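S.K.: This is the structure I have questions about; it appears just below.
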Amino acid sequence: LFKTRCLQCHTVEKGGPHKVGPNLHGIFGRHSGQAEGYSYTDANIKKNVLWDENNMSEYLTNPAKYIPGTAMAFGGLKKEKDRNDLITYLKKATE
Ligand code: HEC
């Protein structure tokens, strides 16, 4: 899932040297995009959007990825239940 869904930017482990989406590492009592990313440098962290929830279930279930209200163009994925397994994997990795 994560491998092709949401690998391009993100990671989950290791290095986080560069670029992209830094790794989420744990979405179960997180507040915003918070990791050893730098990158939240002008929004989300200041908002402090709590990630331990129900609205997230929907927001992550859909190709939308946003507890804070909004949007879409991660971009025509669609479907089913990729998030379920992903959040499962993060549970096993984190919890
Ligand atoms: C590359 C274009 C991305 C894809 C594909 C997905 N995400 Fe993402 N995400 C991306 C970045 C660069 C960041 C860091 C902050 C920023 O916007 O600069 C994020 C962050 C998140 C977060 C943390 C909360 C936040 O920072 O807003 C979550 C919970 C998240 N992303 C989830 C997520 C999921 C589940 C995706 C597909 C199933 C996904 N993202 C795709 C960049 C990109």
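Labeling convention for the structure tokens: chains A, B, ... as they appear, residues from 1 per chain, ligands from 1 in order of appearance.
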Return as an MDAnalysis selection string the residues of protein, DNA or RNA that approach ligand 1 to within 8 Å, with only C-alpha atoms and all ligand atoms taken into account.
M.R.: chainID A and resid 2 5:10 20:22 24 27 32:34 37 39:40 44:45 49 51 60:67 74 82:83 86
S.K.: Restricted to N, CA and C atoms, what would the selected residues look like written as a short mmCIF file (atom, residue, chain, number, x, y, z; two decimals), in the first residue's frame?
M.R.:
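Saved file result.cif follows:
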data_model
loop_
_atom_site.label_atom_id
_atom_site.label_comp_id
_atom_site.auth_asym_id
_atom_site.auth_seq_id
_atom_site.Cartn_x
_atom_site.Cartn_y
_atom_site.Cartn_z
N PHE A 2 1.30 1.65 1.19
CA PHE A 2 2.12 2.82 1.41
C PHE A 2 3.25 2.93 0.36
N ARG A 5 1.01 4.00 -2.81
CA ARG A 5 0.06 5.03 -2.41
C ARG A 5 0.81 6.33 -2.13
N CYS A 6 1.63 6.27 -1.08
CA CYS A 6 2.08 7.45 -0.36
C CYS A 6 3.52 7.20 0.09
N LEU A 7 4.38 6.80 -0.87
CA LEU A 7 5.81 6.60 -0.75
C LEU A 7 6.54 7.78 -1.40
N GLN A 8 6.02 8.31 -2.52
CA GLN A 8 6.68 9.32 -3.36
C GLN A 8 7.29 10.45 -2.52
N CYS A 9 6.43 11.06 -1.70
CA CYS A 9 6.86 12.05 -0.74
C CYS A 9 7.36 11.36 0.53
N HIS A 10 6.43 10.75 1.26
CA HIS A 10 6.64 10.28 2.61
C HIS A 10 7.82 9.34 2.79
N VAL A 20 11.49 15.40 0.96
CA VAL A 20 10.15 15.15 0.41
C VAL A 20 9.05 15.24 1.48
N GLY A 21 8.23 14.21 1.67
CA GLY A 21 7.39 14.08 2.84
C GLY A 21 8.26 13.36 3.84
N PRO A 22 8.57 13.95 4.99
CA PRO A 22 9.25 13.17 5.98
C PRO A 22 8.27 12.23 6.63
N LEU A 24 6.05 9.75 8.85
CA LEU A 24 5.00 10.00 9.84
C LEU A 24 5.30 9.31 11.18
N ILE A 27 0.80 8.08 14.07
CA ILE A 27 -0.35 8.96 13.84
C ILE A 27 -1.43 8.73 14.92
N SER A 32 -0.18 17.63 14.56
CA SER A 32 0.28 18.06 13.26
C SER A 32 1.34 17.16 12.64
N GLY A 33 1.78 17.59 11.46
CA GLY A 33 3.02 17.18 10.86
C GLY A 33 4.12 17.52 11.84
N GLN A 34 4.44 16.57 12.70
CA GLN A 34 5.56 16.73 13.60
C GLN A 34 6.49 15.53 13.61
N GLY A 37 11.34 16.14 10.40
CA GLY A 37 11.15 17.15 9.37
C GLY A 37 11.48 18.54 9.91
N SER A 39 9.75 21.05 8.30
CA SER A 39 9.29 21.52 7.00
C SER A 39 7.95 22.22 7.09
N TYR A 40 7.25 21.92 8.18
CA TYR A 40 6.06 22.58 8.71
C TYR A 40 6.28 24.08 9.03
N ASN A 44 0.79 24.16 9.64
CA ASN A 44 0.27 22.97 10.29
C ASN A 44 0.70 22.79 11.76
N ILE A 45 1.99 22.95 12.06
CA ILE A 45 2.53 22.89 13.42
C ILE A 45 1.97 23.95 14.36
N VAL A 49 -2.67 20.38 14.64
CA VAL A 49 -3.83 19.56 14.34
C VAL A 49 -3.72 18.13 14.92
N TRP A 51 -3.94 14.33 15.83
CA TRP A 51 -4.02 13.07 15.10
C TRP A 51 -4.12 11.88 16.08
N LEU A 60 -7.97 10.25 6.13
CA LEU A 60 -6.95 9.35 5.64
C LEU A 60 -7.57 8.24 4.76
N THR A 61 -8.75 7.69 5.10
CA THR A 61 -9.42 6.66 4.26
C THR A 61 -9.52 7.13 2.82
N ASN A 62 -9.99 8.36 2.64
CA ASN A 62 -10.00 8.96 1.32
C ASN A 62 -8.60 9.46 0.93
N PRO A 63 -8.32 9.54 -0.38
CA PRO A 63 -7.13 10.20 -0.91
C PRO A 63 -7.25 11.71 -0.70
N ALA A 64 -7.13 12.16 0.55
CA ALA A 64 -7.33 13.54 0.95
C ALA A 64 -6.33 13.97 2.02
N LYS A 65 -6.03 13.08 2.98
CA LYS A 65 -4.99 13.23 4.00
C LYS A 65 -4.96 14.60 4.69
N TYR A 66 -5.99 14.87 5.49
CA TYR A 66 -6.17 16.14 6.20
C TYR A 66 -7.29 16.13 7.27
N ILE A 67 -6.96 15.79 8.53
CA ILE A 67 -7.75 16.17 9.70
C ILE A 67 -8.26 17.64 9.72
N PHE A 74 -4.13 14.81 -3.82
CA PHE A 74 -3.28 13.61 -3.82
C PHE A 74 -3.72 12.65 -4.96
N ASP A 82 -6.99 1.38 1.46
CA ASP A 82 -5.53 1.32 1.49
C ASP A 82 -4.99 1.82 2.83
N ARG A 83 -5.53 2.96 3.24
CA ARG A 83 -5.28 3.52 4.56
C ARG A 83 -5.36 2.46 5.67
N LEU A 86 -2.23 0.46 5.84
CA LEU A 86 -1.19 1.44 6.16
C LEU A 86 -1.16 1.81 7.65
#
S.K.: Can you pull out every residue within 12 Å of residue 92 in chain A, counting only C-alpha atoms, but drop anything in the same chain fewer than 6 positions away, and send it as a ChimeraX atom specification?
M.R.: /A:12,25-28,85-86
S.K.: Pick the closest to residue 72 in chain A from A:88, A:41, A:59, A:52: which is it, counting only C-alpha atoms?
M.R.: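 Of A:88, A:41, A:59, A:52, the one nearest residue 72 in chain A is A:59, counting only C-alpha atoms.
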S.K.: Between CA of residue 57 in chain A and CA of residue 42 in chain A, what distance in Å does the model show, to one decimal?
M.R.: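 Computing the Euclidean distance for CA of residue 57 in chain A and CA of residue 42 in chain A yields 25.3 Å.
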S.K.: What is the CA of residue 68 in chain A to CA of residue 13 in chain A distance in Å?
M.R.: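 The value is 24.9 Å.
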S.K.: When DSSP is applied to the backbone of this structure, which of chain A are assigned strand (DSSP E or B)? Write them out as a list in words.
M.R.: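 Strand (DSSP E or B) members of chain A, listed: residues 30, 31, 50 and 51 of chain A.
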S.K.: From the list A:43, A:77, A:50, A:93, which residue is nearest residue 1 in chain A when using only C-alpha atoms?
M.R.: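 Ranking A:43, A:77, A:50, A:93 by distance to residue 1 in chain A, first place goes to A:77.
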S.K.: In Å, with one decimal, what is the gap from CA of residue 14 in chain A to CA of residue 78 in chain A?
M.R.: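 One can read the CA of residue 14 in chain A to CA of residue 78 in chain A distance as 28.9 Å.
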S.K.: Hey, what does DSSP flag as alpha helix (DSSP H) within chain A? Can you give it to me as a list in words?
M.R.: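 Reading the DSSP output for chain A, alpha helix (DSSP H) covers residues 2, 3, 4, 5, 44, 45, 46, 47, 55, 56, 57, 58, 59, 60, 61, 82, 83, 84, 85, 86, 87, 88, 89, 90, 91, 92, 93 and 94 of chain A.
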S.K.: From the list A:75, A:19, A:95, A:48, which residue is nearest residue 31 in chain A when using only C-alpha atoms?
M.R.: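 Looking at the shortest contact to residue 31 in chain A, the residue is A:48.
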